[PDB]
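K.L.:
Got a structure for you, written out below as structure tokens; questions coming shortly.
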Amino acid sequence: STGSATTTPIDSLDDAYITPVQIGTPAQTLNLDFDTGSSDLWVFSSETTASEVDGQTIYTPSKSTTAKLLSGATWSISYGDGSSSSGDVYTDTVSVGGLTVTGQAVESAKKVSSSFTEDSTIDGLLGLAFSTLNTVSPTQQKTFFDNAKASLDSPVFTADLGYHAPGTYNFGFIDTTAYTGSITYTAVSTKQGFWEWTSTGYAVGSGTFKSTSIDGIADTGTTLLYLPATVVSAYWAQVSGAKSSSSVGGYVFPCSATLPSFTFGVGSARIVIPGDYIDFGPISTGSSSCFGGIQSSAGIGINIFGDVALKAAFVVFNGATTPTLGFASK
């Protein structure tokens, strides 16, 4: 089997991407944030504290003839950005782009943190990291991909995120028309539960490539590119007037600037992030100070190849017995 679904930016900055997901019988369609940095499929629901729902579409398990309470199971998650959610668990039928999994754990939120409430466009998350990170207790549950994998034509999914435009998540096949040149595959460590890999280096603009190993995670659920302070300083030094602002929480730059591109290495291959992908707009409405899309990972404890990086590539998440990651230009 295969599936293919369009993923759409939630706003004009590509702060996140939502993908429609069918849950239950009859289907209830929710727009979920596909997150290769976590492993829980959780939704706003009829059980979510009423004051914490503000415009989201909810899953109502009592209206699904295939929903079953997973007795005794609870979940609770905290994300790298400080947000969080928790609740109980149902199993139900879940379909993405024509690919159906029966008995998928659907984690129903009883509580969500303010950042989720305040984002009306995201109805929940669909985790695509390794199932070892799933938070369901006392019996850990499998991700949608893990459940689908054996049925897929090939045990893979691909992320093709757009810049200021829709893109595509495919399951079970590689669309050879969706990228240019070849896909370069690189090793993955699953030791921390992530799609963790090692970039071979970077360049700033038309500058020389610096060969250096940068361990990090491919994370569709993180907006920005978080890299070591040395790398990030080298990038922003090429933008007149850019500076790190402790008050704002990162590098800012004059909105009048033209940003240089940023290149990262994948083996001997190179992925070029155009400068415009690094612009996250005014820090507050009407400001001429703009927020940068490349930020320091210092104090995160891990480097994160988030959407800024991934949207410059066609990315293969290869879930073969020994997982790997592939990157192509597009």
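Letters A, B, ... go to the chains of the structure tokens in the order shown; residues in each chain start at 1; ligands are counted from 1 in the same order.
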Tell me, as a VMD selection string, which residues lie within 12 Å of residue 191 (chain A), counting only C-alpha atoms; anything in the same chain fewer than 2 positions away does not count.
P.N.:
chain A and resid 129 to 133 188 to 189 193 to 197 217 323
K.L.:
Within 7 Å of residue 324 (chain A), counting only C-alpha atoms, which residues qualify if same-chain residues fewer than 6 places away don't, as a PyMOL selection string?
P.N.:
chain A and resi 185-188+317-318
K.L.:
Using only C-alpha atoms, please write the residues we just selected to a file, as an mmCIF file, in the first residue's frame.
P.N.:
```
data_model
loop_
_atom_site.group_PDB
_atom_site.id
_atom_site.type_symbol
_atom_site.label_atom_id
_atom_site.label_comp_id
_atom_site.auth_asym_id
_atom_site.auth_seq_id
_atom_site.Cartn_x
_atom_site.Cartn_y
_atom_site.Cartn_z
ATOM 1 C CA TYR A 185 21.588 8.645 1.862
ATOM 2 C CA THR A 186 23.302 9.031 5.207
ATOM 3 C CA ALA A 187 23.455 6.986 8.427
ATOM 4 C CA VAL A 188 20.948 7.363 11.261
ATOM 5 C CA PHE A 317 12.852 8.755 6.059
ATOM 6 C CA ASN A 318 13.904 5.165 5.384
#
```
K.L.:
For residue 140 (chain A), find every residue with an atom within 10 Å (counting only C-alpha atoms), except residues of its own chain fewer than 3 positions away, and show them as a list in words.
P.N.:
residues 40, 73, 74, 75, 105, 131, 132, 133, 134, 135, 136, 137 and 143 of chain A
K.L.:
Considering only C-alpha atoms, give me a table of residues in region 136-238 of chain A that are at most 8 Å from region 257-261 of chain A, with the closest atom pair and distance in Å for each, as a tab-separated table.
P.N.:
```
residue	atom	partner	partner_atom	distance
A:204	CA	A:261	CA	6.2
A:205	CA	A:261	CA	4.6
A:206	CA	A:261	CA	7.8
A:238	CA	A:260	CA	7.4
```
K.L.:
Excluding residue 228 (chain A) and any residue of its chain fewer than 3 positions from it, enumerate the residues within 9 Å of it, using only C-alpha atoms, and give them as a ChimeraX atom specification.
P.N.:
/A:214,231-233,295-298,302-303
K.L.:
Under the rule of at most 9 Å, produce a per-residue listing of region 244-272 of chain A near region 304-315 of chain A: chain, number, name, the closest pair of atoms, and the distance in Å, as a tab-separated table, using only C-alpha atoms.
P.N.:
```
residue	atom	partner	partner_atom	distance
A:262	CA	A:309	CA	9.0
A:264	CA	A:309	CA	8.4
A:271	CA	A:313	CA	6.8
A:272	CA	A:312	CA	6.7
```
K.L.:
Please write the residues from the selection above to a file, keeping C-alpha atoms, as a PDB file, in the first residue's frame.
P.N.:
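See result-v5.pdb below for the written result:
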```
ATOM      1  CA  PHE A 262      23.155  28.631   3.836  1.00  0.00           C
ATOM      2  CA  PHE A 264      24.631  22.083   4.569  1.00  0.00           C
ATOM      3  CA  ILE A 271      21.663  21.253   0.104  1.00  0.00           C
ATOM      4  CA  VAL A 272      21.300  25.012  -0.418  1.00  0.00           C
TER       5      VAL A 272
END
```
K.L.:
If you count only C-alpha atoms, which residues fall within 7 Å of residue 210 (chain A), apart from same-chain ones fewer than 4 positions away, as a PyMOL selection string?
P.N.:
chain A and resi 201-203
K.L.:
What's the separation between CA of residue 289 (chain A) and CA of residue 245 (chain A), in Å to one decimal place?
P.N.:
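Value for the CA of residue 289 (chain A)-CA of residue 245 (chain A) distance: 10.6 Å.
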K.L.:
In terms of the shortest atom-to-atom distance over only C-alpha atoms, which of A:48, A:66, A:57, A:78 is closest to residue 111 (chain A)?
P.N.:
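Looking only at the distances to residue 111 (chain A), the closest residue turns out to be A:48.
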K.L.:
CA of residue 85 (chain A) and CA of residue 159 (chain A), how far apart in Å?
P.N.:
25.1 Å
K.L.:
Considering only C-alpha atoms, return as JSON, numbers by chain whatever protein or nucleic-acid residues lie within 8 Å of residue 1 (chain A), sequence-local ones (same chain, fewer than 3 positions apart) excluded.
P.N.:
{"A": [99, 151, 152, 153, 172]}
K.L.:
Quick one: of A:316, A:229, A:328, A:252, who's nearest to residue 269 (chain A), counting only C-alpha atoms?
P.N.:
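Closest candidate: A:328.
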K.L.:
Would you work out the distance separating CA of residue 125 (chain A) from CA of residue 32 (chain A), expressed in Å to one decimal?
P.N.:
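Result for CA of residue 125 (chain A) versus CA of residue 32 (chain A): 5.0 Å, one decimal.
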K.L.:
Return the single residue from A:142, A:68, A:149, A:63 that is closest to residue 319 (chain A), with distances computed using only C-alpha atoms.
P.N.:
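Closest candidate: A:149.
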